[PDB]
Amino acid sequence: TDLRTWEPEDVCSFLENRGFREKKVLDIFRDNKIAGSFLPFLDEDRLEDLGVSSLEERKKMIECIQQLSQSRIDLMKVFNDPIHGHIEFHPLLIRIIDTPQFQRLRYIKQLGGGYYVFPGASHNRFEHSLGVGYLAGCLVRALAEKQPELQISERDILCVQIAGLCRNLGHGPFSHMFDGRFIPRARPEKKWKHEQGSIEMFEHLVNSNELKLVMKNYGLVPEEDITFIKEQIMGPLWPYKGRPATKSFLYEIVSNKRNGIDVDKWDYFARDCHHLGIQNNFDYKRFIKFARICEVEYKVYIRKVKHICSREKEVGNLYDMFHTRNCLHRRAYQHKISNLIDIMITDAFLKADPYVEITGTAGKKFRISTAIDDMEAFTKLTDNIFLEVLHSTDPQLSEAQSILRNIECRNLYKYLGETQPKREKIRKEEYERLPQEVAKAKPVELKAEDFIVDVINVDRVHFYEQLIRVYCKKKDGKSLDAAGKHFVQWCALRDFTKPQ
Ligand SMILES: Nc1nc2c(ncn2[C@H]2C[C@H](O)[C@@H](COP(=O)(O)OP(=O)(O)OP(=O)(O)O)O2)c(=O)[nH]1
Ligand SMILES: Nc1nc2c(ncn2[C@H]2C[C@H](O)[C@@H](COP(=O)(O)OP(=O)(O)OP(=O)(O)O)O2)c(=O)[nH]1
Ligand SMILES: Nc1nc2c(ncn2[C@H]2C[C@H](O)[C@@H](COP(=O)(O)OP(=O)(O)OP(=O)(O)O)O2)c(=O)[nH]1
Ligand SMILES: [Mg+2]
């Protein structure tokens, strides 16, 4: 048999019939519900902690467990990812992965509207999240072996990997459209990041699936490590509570928003390039091989910290990564039509939002905009809501449907052009005015509603602009000319660049 099949008392009987017949030690394993699957992941120190005080019996115990057919690596699971090839995962990670909370990521397109411009970009958050987890694992392993003085444990590594896996837990339908266009527009009062949803959903994941006990049984300390995991995804003398200041570098793996160099970017760069038809100059594996924890000393009292570093000549590599970042952003992410589709889906969602009910915990109904408040409602919120609306028989959604039908028949708002501000920029709060301005700027009646203005924001490491697109809803030729020249005049008026 496998140890997977063994209940805790089966393990206890195995322990007994192998020579450990003392009630207290059996009580340990009965108490912690240590099913068989955990056995090959047990340590001398783990057995010490669990509470066997026999300096010799720990060794005997581990010998007994070693003599079994099945080993540690024999319980790891192998994914075959077209980006990273095959991928080993520690069973705990699988247990996190095999939950509604996480499986839900299979039903959210990574590039959202992108799929409707790049037919290759059919990929969802799920596979990318797996990827990120794996990469996190890779970098932390590499640093662990190159520098054993770092005292980096299995615990730490798994926490980093789980943070990796679960960073994108809280993305809404069509990914960044939802949190970047829909929510800000539907709930202007509330500031919301997909990360907030990520950590909330992680909490909901482990609580729904009761994985805390499992985490404990595989040698994690839920109380500390969950806070560590959360902190890695979210953020904040030493601010963090998850780990001591001495292990600061660990926080630079999963989400390094400081200098924008993390494994999330690596994975989705590679993946998105794989699916788009672009190819990525940035070789992360050679960032990893050239990676070192290093001691940085800057005086502000002198501040000495352990940061992740790359050799001096891996600066040319970083030139690529930031080019690939822009390369992708320029061509694909802020693609004029992809964004148009995101805008139209947003518009549909907005006009669908009042009528669509989505049940959460205890079956309380939530609107599309408020599902973010309850994870068990949010768990049911996916891209599929697109098709639910489109196919709904309710005549209240005529408005929302009609937009979705237009998306289906490629009857999209036509893109008049792009422009740049010569000096200054547009205040985040100034936006709602812009469609009025463009409409009223005359060179046919053209309402403020007929126009959409899309504002786009272009956007250390240690060694050892604004784009404005205008779209018009009215698609007929006369109005098209009128709108075009309206746009040009608006550009001239605000002293903007020559339109595209
Ligand atoms: N279709 C489309 N996708 C976008 C746009 N902006 C960002 N994305 C997608 C492209 C990336 O594959 C994906 C990365 O999101 P992550 O949650 O992994 O990273 P993060 O939260 O730092 O967002 P960011 O790096 O700013 O894109 O977001 C956009 O304007 N249009
Ligand atoms: N028309 C269309 N394009 C798709 C589809 N899937 C991916 N794409 C790509 C091919 C197109 O080059 C790209 C943009 O499509 P559009 O025809 O809507 O571009 P645009 O509105 O500028 O129209 P135009 O090319 O000026 O007639 O989207 C699809 O189902 N229909
Ligand atoms: N490699 C690469 N692919 C692109 C680029 N822009 C779009 N694509 C992809 C997505 C589309 O499915 C296809 C061609 O899209 P285009 O932007 O060239 O034409 P689109 O109809 O979107 O705009 P258009 O009306 O022709 O100005 O190739 C690009 O700049 N580089
Ligand atoms: Mg086209």
Under a straight-distance cross-link criterion of Cα-Cα below 16 Å, which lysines are reachable from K304, leaving out those fewer than 8 residues away in the same chain?
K247
Over 19 Å (Cα to Cα) - which of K241/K306; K146/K285; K191/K265; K447/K475; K422/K447; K23/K216 fall in this group
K191/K265; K422/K447; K23/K216
Compactness ratio of the chain: Cα Rg over 2.2 N^0.38 Å, N = residue count?
1.15
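Which of the GluC sites (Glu not before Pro) found in the range 137-225 are in a DSSP loop and have at most 15 neighbouring Cβ atoms, other than their own, within 10 Å?
Loop-located and lightly packed - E189, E210.
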Cα pair distances in the range 257-348, grouped into 10 Å bins until the bin that holds the longest one, percent each:
14, 36, 27, 15, 8, 1
Proximal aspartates and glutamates to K498, defined as alpha-carbon separation beneath 20 angstrom and excluding residues fewer than eight positions away on the same chain:
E418, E424, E437, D454, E465, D481
Quote the Stokes-Einstein diffusion coefficient, in whole µm² s⁻¹, for the range 77-333, based on the Kirkwood radius over alpha carbon pairs, a temperature of 25 °C and a viscosity of 0.890 mPa s.
129
From the phi angles alone, apply the Karplus equation (6.51, -1.76, 1.60; θ = phi - 60°) to the range 184-200 and give each ³J(HN,Hα) in whole Hz, x where the residue is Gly or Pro.
x, 8, 8, 10, x, 5, 8, 8, 9, 10, 5, 5, 3, x, 4, 5, 4
Of all trypsin sites (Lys or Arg not before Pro) in the range 56-90, which ones are in loop regions per DSSP and have a Cβ with at most 15 other Cβ atoms within 10 Å?
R72
Hey, what number do you get for the chain at 222 nm if only DSSP H runs of n ≥ 4 count, each worth -39500 (n - 2.57), divided across all residues, to the nearest 500?
-13000 deg cm²/dmol
So what's the gap between the Cα centers of the range 389-455 and the range 1-27, to the nearest angstrom?
67
Under 25 Å Cα-Cα from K190, which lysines qualify once same-chain neighbours fewer than 8 residues away are excluded?
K109, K230, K257, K351, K364, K365, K380, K425, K428
Go through the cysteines of the chain and tell me which have no other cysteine Cβ under 4.7 Å away.
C12, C64, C138, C159, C166, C273, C327, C409, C472, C491
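Quick note: the coordinates plus some simple rules give every number you see, no bench work behind them. Virtual Cβ from ideal backbone geometry, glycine too; neighbours counted across all protein chains shown.
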